[PDB]
Protein chains: 6
Amino acid sequence: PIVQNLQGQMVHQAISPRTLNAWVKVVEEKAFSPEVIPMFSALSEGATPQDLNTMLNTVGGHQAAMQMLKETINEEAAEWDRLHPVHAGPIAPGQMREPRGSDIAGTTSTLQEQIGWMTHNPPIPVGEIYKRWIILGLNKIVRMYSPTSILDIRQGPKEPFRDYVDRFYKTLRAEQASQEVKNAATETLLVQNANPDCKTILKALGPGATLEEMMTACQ
Amino acid sequence: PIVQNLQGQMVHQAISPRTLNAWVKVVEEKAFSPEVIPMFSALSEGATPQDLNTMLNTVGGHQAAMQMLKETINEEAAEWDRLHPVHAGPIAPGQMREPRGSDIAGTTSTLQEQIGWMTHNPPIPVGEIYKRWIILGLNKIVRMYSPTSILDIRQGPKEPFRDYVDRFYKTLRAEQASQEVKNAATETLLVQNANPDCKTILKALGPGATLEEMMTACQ
Amino acid sequence: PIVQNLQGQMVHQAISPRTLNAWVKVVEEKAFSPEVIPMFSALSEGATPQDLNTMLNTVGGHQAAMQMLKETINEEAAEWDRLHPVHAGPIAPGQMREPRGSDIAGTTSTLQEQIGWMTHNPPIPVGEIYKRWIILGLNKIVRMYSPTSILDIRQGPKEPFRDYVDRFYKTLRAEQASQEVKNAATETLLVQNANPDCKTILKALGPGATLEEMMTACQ
Amino acid sequence: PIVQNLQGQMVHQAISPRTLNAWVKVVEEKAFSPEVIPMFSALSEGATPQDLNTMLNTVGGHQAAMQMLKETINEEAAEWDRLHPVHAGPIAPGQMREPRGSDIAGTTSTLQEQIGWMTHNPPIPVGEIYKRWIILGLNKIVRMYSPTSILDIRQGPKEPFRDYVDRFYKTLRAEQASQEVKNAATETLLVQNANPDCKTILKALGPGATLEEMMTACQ
Amino acid sequence: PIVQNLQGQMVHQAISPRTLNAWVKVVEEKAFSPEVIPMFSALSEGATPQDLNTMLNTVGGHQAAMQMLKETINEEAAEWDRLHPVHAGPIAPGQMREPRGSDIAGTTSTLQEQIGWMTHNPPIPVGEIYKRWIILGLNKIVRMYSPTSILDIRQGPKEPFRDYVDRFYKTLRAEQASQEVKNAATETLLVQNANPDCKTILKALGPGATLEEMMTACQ
Amino acid sequence: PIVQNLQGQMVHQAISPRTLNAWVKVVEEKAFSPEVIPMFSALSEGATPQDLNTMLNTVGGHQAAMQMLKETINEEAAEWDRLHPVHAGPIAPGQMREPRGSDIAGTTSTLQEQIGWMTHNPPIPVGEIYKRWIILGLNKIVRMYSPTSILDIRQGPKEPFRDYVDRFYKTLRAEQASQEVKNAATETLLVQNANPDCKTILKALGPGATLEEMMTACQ
């Protein structure tokens with residue numbers, strides 16, 4: 001990653017192997033569950049494209065997911081290129097070539113080029129743009145690690161409301177439900193897909209009770 | 001988090017992944033038991049709103065609890081807004097917009113805005129105010145990984161007074177009994193919910209014996 | 001804790017979560033055995049009252065012991081107040097209010113107030129005074145995690161003298177026997193509470209043999 | 001490795017034993033699987049030839065692979081020599097001898113010579129050239145179980161398409177299939193080596209569906 | 001411990017809890033085996049008396065050994081006092097009181113006094129002198145965790161010479177045999193306490209063969 | 001070890017306990033296997049003689065090996081002395097006594113003397129010369145757990161060529177075969193000590209096939 005040195009300049013530093021191993025950790029337990037996303041972001045602050053690739057390259061297994069991820073990245077790359085036409089003419093000292101989609105993604109760019117862009121004035125944040133494309137990939141992949149389908153989340157005959165709740169919101173994340181959607185689902189589906197006794201209690205509570213009030217009424 | 005640099009200025013630094021992993025640790029063993037609270041605080045000294053979110057976002061599972069937490073945070077946000085009316089007019093260089101509830105919580109604010117507030121003179125401590133709202137959430141959630149049946153805590157027929165005591169105060173924490181309440185409960189309920197032999201001894205000790213004297217009289 | 005920065009000033013730094021986890025470690029294995037005491041001290045050098053509380057608050061379990069500890073702390077607080085009458089009148093810039101027992105203990109004092117005291121010239125070392133009160137608590141608690149009836153430490157019929165010795169001095173620590181007491185106990189009780197064969201050998205050695213000579217005579 | 005000091009000069013620093021142990025780690029679990037490659041690179045940024053050898057020398061086991069690696073390195077060395085004829089004449093102060101293949105590889109060069117080259121103006125990046133040769137070795141070794149054995153990757157009778165996909169691309173990596181090849185294999189072999197039901201669905205999808213569409217059609 | 005800062009001055013730093021835990025580690029597995037000695041030394045470079053005590057105080061168990069250790073320390077203290085008479089008269093600014101045995105050992109001295117001595121010009125290395133006394137204690141204690149018994153180390157009927165050798169020198173360490181003694185024992189006892197076939201071979205080798213030649217002759 | 005400070009001078013620094021523990025690690029798992037050698041070297045860059053001893057002294061167990069190591073070190077010491085006669089006469093300020101074998105090894109030399117030599121102009125690298133002698137010891141010791149009989153490495157009747165290869169080169173390392181020797185052994189012994197079917201195939205391949213071609217022909 002790029003980081004701030006003593007003299008105020010942003011300079012490059014090697015990715016930490018501790019962080020790569022932490023990333024390996026997460027993927028090894030949680031696979032590509034909704035939480036792999038904020039983690040991947042948290043673990044890659046200030047990363048270059050090379051650093052992002054190094055991280056993705058330590059993933060073992062998940063061959064289909066890696067390919068799906070690659071394909072989103074490549075769709076984002078081709079779009080970048082469409083929306084950014086090349087401007088001709090000679091490059092001045094101190095300046096650099098306009099990055100193509102491939103360069104952002106780190107296929108056609110050197111580490112030095114990546115730092116020059118991310119550190120130029122004004123910078124072109126290739127690491128940030130490429131990490132955006134990777135997160136969009138991750139979004140698509142998580143939807144294979146937690147396939148949507150909320151209508152199939154029903155409270156068991158003797159299942160504690162608490163557990164039914166974890167299974168409800170755990171499914172909403174996977175399908176990347178916005179906070180707005182979760183509010184509507186709570187007022188409706190959560191109530192409806194509950195067991196008979198609870199559904200009567202919840203239905204009795206009135207529309208607009210908070211989640212902590214619902215859990216209390218059906219403990 | 002924000003921290004003190006050599007030149008005396010408070011500047012930003014990335015959350016440690018070691019701390020995030022430590023936080024993941026705690027939640028993975030203790031779940032949301034009373035101790036998750038002081039820990040969460042201890043692990044987030046000087047945090048920004050982005051840092052607090054990054055931490056909450058590494059929690060896997062507990063979908064119902066996360067939603068309940070979100071809802072408290074949002075109630076605190078809406079209150080903030082109610083008690084802080086917006087003051088119109090142009091923003092001077094060096095100053096910044098008055099934060100809304102959403103900005104405190106980090107939904108509508110950038111990292112730079114968060115640092116400007118927390119580091120301005122006088123600062124507006126968004127990280128502190130948002131961490132307050134999160135701790136209030138945690139309080140509510142622990143009461144789903146904790147029951148308040150102080151009346152149901154009775155000393156077993158052959159249970160050592162020592163163990164009966166851990167089970168008594170362990171229940172008081174969960175229900176967040178102030179230190180004042182604990183004093184009254186010790187003088188009363190602790191004595192009353194004890195086994196026959198001990199209750200006679202304790203009742204014999206007189207009102208006002210310390211906890212170490214009680215344990216001694218019933219060892 | 002408070003620590004020395006480059007410019008020579010003592011400034012605050014967040015408690016290390018590594019240290020808190022180390023402290024959790026100790027309590028999780030050794031509970032409140034005599035060794036929990038020097039450890040707690042070693043782990044809290046330069047701590048503020050907030051840091052000391054954060055540490056005590058990560059302890060899980062031991063509800064009776066925590067309450068007993070709280071009560072000593074509060075007795076020490078009330079004494080502090082008795083021996084330190086409040087002096088009236090307005091506070092000058094650069095000065096601060098005289099700490100009460102509650103402030104030392106961190107209930108009524110802010111982190112900033114704690115640093116001002118501990119860092120003022122001359123300082124008022126609230127962290128040191130409060131850590132003293134906590135160690136006195138620990139002393140009382142260890143006497144529920146240990147023994148106290150040295151008279152009950154007898155050498156087994158076929159127990160090696162070496163093991164009998166560890167069990168003898170391990171009990172003396174818990175009961176905080178001074179070095180002077182240990183010398184008298186060695187000359188007497190150690191000899192007397194030994195098995196028949198050893199007791200004759202030790203009694204044969206004469207009063208005044210060293211511990212290494214005793215172990216040699218009964219190997 | 002060589003790194004940037006405060007005064008701007010690139011100076012030498014000892015390889016971290018933490019990194020060597022991390023490298024030992026990887027090899028001990030993943031052996032020489034496709035991921036050992038980007039890791040080895042990530043762990044050796046800025047390394048000298050001595051640092052690269054130190055790393056290879058901590059590998060236990062894999063005697064055949066180490067020898068195969070040595071042989072590629074030596075073929076690369078002999079080629080270097082072929083393409084770089086020696087230029088005679090006396091060496092000026094401040095300059096150094098032209099490195100031979102053996103020197104790059106670190107057999108005939110001292111640590112000081114390695115730093116002089118890598119740090120000279122213009123530098124001769126022996127550490128970079130030697131790390132290139134090692135990665136080419138690694139490529140050959142990872143194939144210690146290739147094909148083209150893709151024809152043997154068939155979807156099980158009741159195997160989930162997802163798993164069949166990981167096994168397909170996991171085999172493509174080992175055989176170092178370029179991104180171009182993977183695209184053709186996806187359109188063809190992936191479809192053909194799938195179970196009966198899936199193969200009909202995929203064949204129904206039409207040539208040119210993305211990997212995420214294929215997984216969706218056969219979930 | 002005391003360590004060298006940037007400005008060249010030796011200043012104090014808190015003992016690392018990582019080191020204390022490492023020390024706890026060693027004692028928890030190896031107890032007080034001959035190797036506890038060089039370790040204790042290695043772990044306490046530059047320590048003050050307070051640091052040495054903090055380390056000894058984290059030892060759990062071994063009550064008899066701790067007391068024996070204390071007694072050696074106290075014998076060394078009383079000797080120090082005998083050989084160093086007190087010199088009267090007022091203390092100049094910048095100077096300090098002559099340390100007594102008790103001060104060296106850290107019972108009667110403050111941390112600041114310890115640093116003043118160890119850092120004065122010329123210094124009085126209390127940490128070094130006290131660590132010497134502790135190592136002498138350790139020596140005595142190890143002789144209860146491995147006392148002695150050489151004549152009892154005989155090579156088994158079908159025991160490999162290699163193993164017989166580890167058991168021979170492992171016993172010599174415990175009994176703290178100097179390097180001079182080990183040489184004589186090798187020429188004699190090692191040969192004599194070997195099995196019949198080996199003893200004839202060794203006896204055949206002639207007096208003065210090295211240990212590697214002996215192992216070769218009896219593999 | 002000795003290291004480069006900011007002002008350009010080589011000054012001393014305490015051995016890292018992390019490195020000593022890493023060294024303990026290696027010896028505790030791999031014992032004295034061929035890989036202990038490059039590790040020991042990698043872990044001791046820039047070490048003084050005291051640092052090398054501190055490292056050797058943390059080894060537990062292996063009493064016979066430690067003695068054998070000591071004896072090589074002492075043979076190297078006595079040789080040093082033979083080849084370096086003492087030159088008489090008074091020592092000038094700024095200069096130092098010519099080191100004897102014992103001083104190199106750290107028995108008769110102080111830490112300060114070691115630094116003066118290693119840091120003098122021109123230096124006398126006692127740490128380097130002593131580490132050479134230790135590596136020669138290690139070489140001899142590694143031959144205690146392994147066998148120097150390559151003629152005894154034959155491919156099993158149904159043993160996979162791959163495994164036969166690991167057992168061949170694993171034996172070559174132990175006996176420290178140079179890279180030149182390994183090339184000759186591959187062309188000859190590897191082929192000859194293979195099972196009947198493989199030996200015919202290999203013999204069929206012609207002299208001069210690479211190791212990867214041999215493995216392919218006998219998979």
# chains A, B, ... in the order shown; residues from 1 in each chain; ligands from 1

$ closest_atom_pairs --of "chain B" --to "chain A" --cutoff "10 Å" --atoms "only C-alpha atoms" --output "tab-separated table"
residue	atom	partner	partner_atom	distance
B:14	CA	A:45	CA	7.9
B:15	CA	A:42	CA	8.4
B:16	CA	A:43	CA	9.4
B:17	CA	A:43	CA	7.0
B:18	CA	A:19	CA	9.1
B:20	CA	A:42	CA	9.2
B:21	CA	A:22	CA	8.5
B:51	CA	A:42	CA	9.4
B:53	CA	A:38	CA	9.5
B:54	CA	A:42	CA	6.9
B:55	CA	A:42	CA	9.3
B:56	CA	A:38	CA	9.7
B:57	CA	A:38	CA	6.2
B:58	CA	A:35	CA	6.1
B:59	CA	A:35	CA	7.3
B:60	CA	A:35	CA	6.1
B:61	CA	A:166	CA	6.5
B:62	CA	A:166	CA	5.3
B:63	CA	A:166	CA	4.2
B:64	CA	A:165	CA	4.9
B:65	CA	A:166	CA	7.8
B:66	CA	A:169	CA	8.7
B:67	CA	A:211	CA	7.3
B:68	CA	A:211	CA	5.5
B:69	CA	A:212	CA	9.1
B:70	CA	A:179	CA	9.1
B:71	CA	A:210	CA	7.5
B:72	CA	A:210	CA	9.2
B:140	CA	A:212	CA	7.7
B:141	CA	A:212	CA	7.9
B:143	CA	A:212	CA	9.4
B:144	CA	A:215	CA	8.1
B:145	CA	A:162	CA	9.8

$ select_by_dssp --residues "segment 61-150 of chain D" --states "helix (DSSP H, G or I)" --output "MDAnalysis selection string"
chainID D and resid 63:83 101:104 111:119 126:142 150

$ residues_around --residues "segment 108-114 of chain C" --least-positions-apart "5" --cutoff "12 Å" --atoms "only C-alpha atoms" --output "MDAnalysis selection string"
(chainID B and resid 45) or (chainID C and resid 1:2 11:14 46:53 77 94:103 119:120 123:130)

$ atom_distance --atom1 "atom CA of residue 150 of chain D" --atom2 "atom CA of residue 200 of chain F"
29.2 Å

$ decode --residues "segment 156-178 of chain E" --atoms "N, CA and C atoms" --output "mmCIF file, in the first residue's frame"
data_model
loop_
_atom_site.group_PDB
_atom_site.id
_atom_site.type_symbol
_atom_site.label_atom_id
_atom_site.label_comp_id
_atom_site.auth_asym_id
_atom_site.auth_seq_id
_atom_site.Cartn_x
_atom_site.Cartn_y
_atom_site.Cartn_z
ATOM 1 N N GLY E 156 21.486 -49.013 27.675
ATOM 2 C CA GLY E 156 20.624 -50.184 27.648
ATOM 3 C C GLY E 156 21.189 -51.323 26.813
ATOM 4 N N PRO E 157 20.683 -52.553 27.002
ATOM 5 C CA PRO E 157 21.156 -53.721 26.249
ATOM 6 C C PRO E 157 21.044 -53.544 24.732
ATOM 7 N N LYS E 158 19.968 -52.894 24.295
ATOM 8 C CA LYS E 158 19.729 -52.632 22.875
ATOM 9 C C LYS E 158 19.464 -51.139 22.633
ATOM 10 N N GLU E 159 19.991 -50.290 23.520
ATOM 11 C CA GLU E 159 19.825 -48.841 23.399
ATOM 12 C C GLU E 159 20.869 -48.282 22.425
ATOM 13 N N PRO E 160 20.444 -47.412 21.489
ATOM 14 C CA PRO E 160 21.367 -46.818 20.514
ATOM 15 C C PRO E 160 22.346 -45.898 21.255
ATOM 16 N N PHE E 161 23.632 -45.944 20.896
ATOM 17 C CA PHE E 161 24.642 -45.105 21.559
ATOM 18 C C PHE E 161 24.247 -43.636 21.597
ATOM 19 N N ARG E 162 23.601 -43.180 20.533
ATOM 20 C CA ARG E 162 23.150 -41.806 20.409
ATOM 21 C C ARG E 162 22.268 -41.401 21.595
ATOM 22 N N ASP E 163 21.257 -42.209 21.894
ATOM 23 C CA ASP E 163 20.350 -41.932 23.014
ATOM 24 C C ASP E 163 21.056 -42.000 24.355
ATOM 25 N N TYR E 164 21.970 -42.948 24.484
ATOM 26 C CA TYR E 164 22.727 -43.108 25.716
ATOM 27 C C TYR E 164 23.523 -41.828 25.987
ATOM 28 N N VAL E 165 24.012 -41.209 24.912
ATOM 29 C CA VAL E 165 24.789 -39.973 24.977
ATOM 30 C C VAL E 165 23.934 -38.795 25.451
ATOM 31 N N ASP E 166 22.725 -38.642 24.911
ATOM 32 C CA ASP E 166 21.843 -37.551 25.343
ATOM 33 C C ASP E 166 21.515 -37.658 26.826
ATOM 34 N N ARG E 167 21.356 -38.887 27.303
ATOM 35 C CA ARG E 167 21.026 -39.137 28.701
ATOM 36 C C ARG E 167 22.214 -38.916 29.622
ATOM 37 N N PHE E 168 23.413 -38.996 29.056
ATOM 38 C CA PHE E 168 24.643 -38.813 29.822
ATOM 39 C C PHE E 168 24.916 -37.328 30.047
ATOM 40 N N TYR E 169 24.907 -36.562 28.958
ATOM 41 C CA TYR E 169 25.174 -35.135 29.027
ATOM 42 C C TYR E 169 24.000 -34.336 29.567
ATOM 43 N N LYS E 170 22.808 -34.911 29.470
ATOM 44 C CA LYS E 170 21.632 -34.244 29.984
ATOM 45 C C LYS E 170 21.725 -34.266 31.507
ATOM 46 N N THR E 171 22.386 -35.285 32.051
ATOM 47 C CA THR E 171 22.564 -35.427 33.495
ATOM 48 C C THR E 171 23.712 -34.559 33.997
ATOM 49 N N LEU E 172 24.713 -34.370 33.141
ATOM 50 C CA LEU E 172 25.882 -33.556 33.472
ATOM 51 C C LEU E 172 25.505 -32.073 33.623
ATOM 52 N N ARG E 173 24.595 -31.604 32.759
ATOM 53 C CA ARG E 173 24.110 -30.217 32.780
ATOM 54 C C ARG E 173 23.433 -29.960 34.112
ATOM 55 N N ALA E 174 22.432 -30.783 34.414
ATOM 56 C CA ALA E 174 21.665 -30.684 35.649
ATOM 57 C C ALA E 174 22.589 -30.540 36.839
ATOM 58 N N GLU E 175 23.659 -31.329 36.854
ATOM 59 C CA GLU E 175 24.614 -31.261 37.944
ATOM 60 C C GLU E 175 25.696 -30.214 37.700
ATOM 61 N N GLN E 176 25.455 -29.370 36.694
ATOM 62 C CA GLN E 176 26.333 -28.264 36.299
ATOM 63 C C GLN E 176 27.808 -28.622 36.207
ATOM 64 N N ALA E 177 28.102 -29.631 35.398
ATOM 65 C CA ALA E 177 29.471 -30.070 35.212
ATOM 66 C C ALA E 177 30.156 -29.041 34.330
ATOM 67 N N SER E 178 31.333 -28.577 34.740
ATOM 68 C CA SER E 178 32.067 -27.611 33.925
ATOM 69 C C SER E 178 32.493 -28.308 32.631
#
